[PDB]
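Just the one chain here, the form deposited in one PDB entry, laid out as structure tokens.
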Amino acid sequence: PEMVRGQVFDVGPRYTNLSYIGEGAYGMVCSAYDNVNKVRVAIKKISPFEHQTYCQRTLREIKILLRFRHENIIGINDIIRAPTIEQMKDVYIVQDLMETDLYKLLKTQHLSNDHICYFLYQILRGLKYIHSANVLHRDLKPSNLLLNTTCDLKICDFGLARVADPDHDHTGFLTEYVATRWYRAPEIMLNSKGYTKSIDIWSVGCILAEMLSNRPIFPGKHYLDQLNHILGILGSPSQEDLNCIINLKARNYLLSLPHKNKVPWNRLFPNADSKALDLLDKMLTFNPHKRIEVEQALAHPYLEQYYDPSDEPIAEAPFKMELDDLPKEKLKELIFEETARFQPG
């Protein structure tokens, strides 16, 4: 087998000429030449089976991405694993190869307003499809937005996703950790389990803000600091918005804060398009009920050069998961079952 930075990559005979791209807690990713389709592809090696949480993420991603088909969502092209459960220690997920991601691009490149408009359009277009399947991505952030050399965009990492459940979204104060900190909506810290579509629109608003200036808008230094940053810009919530928070710990925390005024978006973003800032304001609304939805966002004047509802497709049916009571050994079985279609057979 070919070897990459110490690791076996058991991907042949189909996939050859491996080059290292990167690594993280998920495992290791390489580009490889696909000897069937005659393109280089991305292959990520995941070895999740000793951690229930890694099994959850692996299974969720596989189940979602095999069902989804959308230009702005990364596919799964192939899955390589051992022929038996006994022998399966790794799962190799083969995906379209992209040149970069929005995190890398924002650390190096100024984005023209046309680039910001086009990226946001593609983000919202993919999100329309995801939300139309009754799915929440729940970890939208620059590094989960892949880009190619012509600025086509694809959303990746569906391992944190959930089916939407707005009737069971209420919880208590300072208990929930949904999303990545800088992209996490105020309500997560206050009273929300992150089971409504509004969680994703918030993260998109943070992304848009970050594309305008190359800096995260709410750079919390730790979990508790995040609300300080959000409220620092948005200002004190209104009586009405406060009255929606029925939980007393969360209510009284907010009431305990000194009054803060809204920092105007045109002072934070003096070079931004005024239509972009109007949309930004609507995405970064404190009250998740008042926050703009994905289909309204697409119809916003900022995106009028792109907007075409007939070319913004939806899922053929809502998606249908209950994996937190399942042991890692059971999750391994379901991953084996779900990857069966890619086997010689």
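Residue positions are given as counts along the sequence shown, with the first one as 1. Take the two forms, find the largest set of C-alpha atoms that superpose within 1.5 Å, and that set is the rigid core.
The next section is about a form of this same protein that is not shown, the form deposited in another entry.
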| query | finding |
| --- | --- |
| Out of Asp169, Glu71, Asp225, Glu99, the residue that alone shifts its CA by 2 Å or more between the shown form and the other one when the rigid core is the reference | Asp169 |
| Core superposition between the shown form and the other one, C-alpha change of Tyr20 at least 2 Å | yes |
| Core-aligned CA displacement of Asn247 at least 2 Å between the shown form and the other one | yes |
| Rigid core superposed: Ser192 CA moves 2 Å or more between the shown form and the other one | yes |
| Change in CA distance between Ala133 and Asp165 in the other entry, which is 3 Å or more, as closer or farther | closer |
| Sense of the change in Cα distance from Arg184 to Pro166 in the other entry - at least 3 Å versus the shown form | farther |
